[PDB]
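Summary of structural features
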Amino acid sequence: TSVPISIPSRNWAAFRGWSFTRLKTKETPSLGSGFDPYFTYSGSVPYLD
Amino acid sequence: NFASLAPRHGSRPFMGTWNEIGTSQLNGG
Amino acid sequence: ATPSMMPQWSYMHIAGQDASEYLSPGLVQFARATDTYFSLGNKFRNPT
Amino acid sequence: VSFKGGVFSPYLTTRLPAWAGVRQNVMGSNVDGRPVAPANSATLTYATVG
Amino acid sequence: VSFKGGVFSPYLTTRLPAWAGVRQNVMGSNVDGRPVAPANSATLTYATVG
Amino acid sequence: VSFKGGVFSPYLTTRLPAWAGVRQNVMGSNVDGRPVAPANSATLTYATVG
């Protein structure tokens with residue numbers, strides 16, 4: 001129900017606003033690997049949409 | 001000049017047109 | 001990462017001059033003459 | 001150990017990095033169609049090369 | 001998954017913020033006396049307005 | 001509460017400090033040979049002095 005995100009100690013020099021939303025873990029393709037096993041759900045992934 | 005109020009696009013301040021000071025919205029005008 | 005980031009912004013037009021004032025004075029003449037047919041106005045980063 | 005008050009994640013969440021293995025460990029699948037082992041399984045510690 | 005060594009919270013604890021819902025989820029109560037749903041329940045996702 | 005996706009520790013791990021009590025809580029032993037209580041047990045809140 002509640003997740004405390006924190007990142008440390010940077011010059012917020014020319015910062016614009018935030019944007020944040022929520023999506024399923026089941027539809028998130030991992031870009032950092034070339035091939036991505038466990039990515040079963042071919043389902044219009046909101047991370048790319 | 002009031003140049004410290006306008007949201008500047010770059011160095012030139014964004015100064016609007018001259019119809020952006022009044023209005024003439026009547027029924028059929 | 002500098003305590004006053006004016007040169008690093010104005011070098012890449014985060015915060016520098018307007019899109020028609022830093023260019024060489026022929027290129028403003030070129031990009032406005034070639035306005036309708038060969039438009040190159042989307043490559044010069046008008047900052048706000 | 002034995003929470004019993006279901007307020008969950010009081011702990012600082014670090015981002016998941018971008019590779020396969022830190023997102024889920026459900027029964028995945030290779031690109032032609034046989035299922036690949038989950039990351040919980042100790043099967044996926046040697047390079048299975050067909 | 002299956003700790004078996006009961007040293008608990010090796011994880012960095014972030015403060016609980018000040019509102020109702022991050023402290024417990026026991027069977028609460030409204031100000032006149034009927035019980036309110038716990039935060040685990042999906043009943044408390046719409047504004048129940050009497 | 002009810003993970004069901006066994007990717008574990010998404011949470012920021014803080015180092016265990018150097019003393020006895022933050023490493024395990026298995027059935028330990030005193031220096032001559034009788035077993036000492038685990039840290040889960042509430043027996044180890046008073047100084048047992050023989």
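Residues numbered from 1 in each chain as written, not as in the entry; some residues may be left out. Chains lettered and ligands numbered in written order. Part of a larger assembly, values for the part shown. Heavy atoms only, no water.

**Details of the interface of chain D and chain A**
- Facing 24 residues of chain D, the contacting portion of chain A comprises 17 residues.
- Summed over both sides, the interface between chain D and chain A buries roughly 1,600 Å², with carbon and sulfur atoms accounting for 56% of that surface.
- Here chain D is connected to chain A by 8 residue pairs in polar contact. (Contact = heavy atoms within 4.5 Å. Buried area = accessible area lost by both parts, 1.4 Å probe. Polar contact = N/O pair within 3.5 Å; in protein donor to acceptor, adjacent residues only side chain to side chain.)

**Thoughts on a nonpolar patch on the surface**
- A surface patch of nonpolar side chains, about 720 Å² in accessible area, is lined by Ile7(A), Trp12(A), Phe15(A), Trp18(A) and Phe20(A).
- Accessibility expressed as a relative area gives 77% for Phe20(A), which makes it exposed. (Patch = residues over 30% accessible without salt bridge, like charges linked within 9 Å, V, L, I, M, F, W, Y side chains within 5 Å. Areas by Shrake-Rupley, 256 points an atom, 1.4 Å probe, with all protein chains shown as cover. Salt bridge = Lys/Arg side-chain N within 4 Å of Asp/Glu carboxyl O. Buried < 20%, exposed > 50% of the residue type's maximum accessible area, 1.4 Å probe, protein only.)

**Description of the pattern of salt bridges**
- Enumeration according to the criterion identifies 2 salt bridges over all chains in this entry.
- The salt bridge partner of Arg12(B) is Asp18(C), with a shortest N-O separation of 2.6 Å.
- Take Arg12(B): its relative accessible area is 41%, and that puts it in the partly exposed class.
- Here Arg12(B) ties to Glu21(C) by a salt bridge, and the two come within 3.7 Å at their closest N and O atoms.
- Here the salt bridges do not stand alone but share partners, grouping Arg12(B), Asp18(C) and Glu21(C) into one network.

**Some points on the side chain of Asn25(D)**
- Its relative accessible area of 13% is what places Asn25(D) among the buried residues.
- Of the polar contacts made by the side chain of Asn25(D), one reaches the backbone nitrogen of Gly6(F); its length is 2.7 Å.
- For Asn25(D), the residues in contact, after removing those within four places along its chain, are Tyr38(A), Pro38(D), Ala39(D), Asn40(D), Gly5(F), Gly6(F) and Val7(F).

**Thoughts on the arrangement of the chains**
- The chain pair with the greatest number of contacts, out of 7 pairs of chains in contact, is formed by chains A and D.
- In this structure chain A stays clear of chain B, and the shortest span between their C-alpha atoms is 15 Å.
- Kept free of each other, chain B and chain F leave a smallest C-alpha distance of 42 Å between them.

**Let's talk about the packing of aromatic side chains**
- On inspection of all chains with the given rule, the structure shows 12 aromatic pairs over all chains.
- Geometrically, the ring pair formed by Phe3(D) and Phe8(D) is edge-to-face, given 5.5 Å between the ring centres and 75° between the ring planes.
- Residue classification places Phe8(D) among the buried residues on the basis of a relative accessible area of 17%.
- In this structure an aromatic cluster arises from ring pairing among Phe3(D), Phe8(D), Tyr11(D), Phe3(E), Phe8(E), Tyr11(E), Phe3(F), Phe8(F) and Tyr11(F).
- Between the NZ or CZ atom of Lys26(A) and the centre of the ring of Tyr41(A), over which it lies, the distance is 3.3 Å. (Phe/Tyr/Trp six-rings, centres within 6.5 Å; stacked < 30°, edge-to-face > 60°. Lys NZ or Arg CZ within 6 Å of the ring centre and 35° of its normal.)

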